[PDB]
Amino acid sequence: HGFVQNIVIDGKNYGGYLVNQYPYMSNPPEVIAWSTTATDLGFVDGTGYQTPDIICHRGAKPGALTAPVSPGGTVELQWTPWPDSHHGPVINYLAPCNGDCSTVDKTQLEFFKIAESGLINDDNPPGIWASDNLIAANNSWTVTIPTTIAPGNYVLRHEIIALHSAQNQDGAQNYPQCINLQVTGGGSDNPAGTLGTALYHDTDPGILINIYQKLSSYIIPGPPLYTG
């Protein structure tokens, strides 16, 4: 359980969608982060992978604001403290807005994977995962926006999948957090995109999995990494 509380770009903080404060207001502020209804700080499980909730979390609506990123620039997402028990991959996707991200129909977004990290070491099962790397970085993740993609407005969909209950059907816990970016630079690629509702299925080999046994490999879920 947790959420993204802050985003660092170009030497400043963009405040996140503080899901334990803003939902409790009739007049919340404008941010780059999407609003959600996930006030339990929880997850979308396999029962929701083909509902709109998987796209940018439960009841999500676009952020009003969009943050500019320098060409090949970094986006640092700062989480609430991630529990060590919640072992799993950290995955990052972009989808183009083809206009202002604030007015997009989330159900039409087509995501391409720009980064993935999974099982890092398995010397002592359940081992050390991308989520443990995030904890070791003081609950921060660094995303480099590719230089080879077409610039424009994009949704960044940044996600932890916790696997501590993933040996039973619909036990994996997805934690997607979306923010609006203005990608800048000289790139041209328009990568093949996947609908949010086709990213994951509740029987995928990296989703329905017992992490407590020795693993020889881990197949990171979702469509193939874009490498440009």
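Heads up, when I say rigid core I mean the largest set of C-alphas that superpose within 1.5 Å between the two forms. The numbering used is simple: start at 1 and walk along the sequence shown.
Student: Is the larger C-alpha RMS shift in 8 other deposited structures of this protein, relative to this form with the rigid core superposed, found in 174-182 or in 26-34?
Tutor: Comparing 174-182 with 26-34, the larger C-alpha deviation in 8 other deposited structures of this protein belongs to 26-34.
Student: What stretch has the higher average Cα B-factor here, 46-54 or 172-180?
Tutor: In the deposited entry, the stretch with the higher C-alpha B-factor mean is 46-54.
Student: If you average the CA temperature factors as listed in the entry, which stretch comes out higher, 10-18 or 214-222?
Tutor: Between 214-222 and 10-18, it is 214-222.
Student: Among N92, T80, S102, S131, where is the Cα temperature factor highest, going by the PDB entry?
Tutor: The C-alpha B-factor peaks, among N92, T80, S102, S131, at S102.
Student: Going by the CA temperature factor in the entry, name the top one among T39, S35, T66, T203.
Tutor: Highest C-alpha B-factor among the listed residues goes to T203.
Student: Ordered by C-alpha B-factor within the chain, which third holds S85? Give me lowest, middle or highest, please.
Tutor: Lowest third.
Student: Can you tell me whether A192 has a C-alpha B-factor in the lowest, middle or highest third compared with the other modelled residues of the same chain?
Tutor: Highest third, going by the recorded CA B-factors of the chain.
Student: Sorting the chain's CA B-factors, does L109 end up in the lowest, middle or highest third?
Tutor: Highest third of the chain for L109's C-alpha B-factor.
Student: Can you tell me whether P96 has a C-alpha B-factor in the lowest, middle or highest third compared with the other modelled residues of the same chain?
Tutor: Tercile = middle for this residue's CA B-factor.
Student: Sorting by Cα B-factor within the chain, modelled residues only, which third would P151 end up in: lowest, middle or highest?
Tutor: Within its chain, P151 is a middle-third residue by C-alpha B-factor, going by the deposited values.
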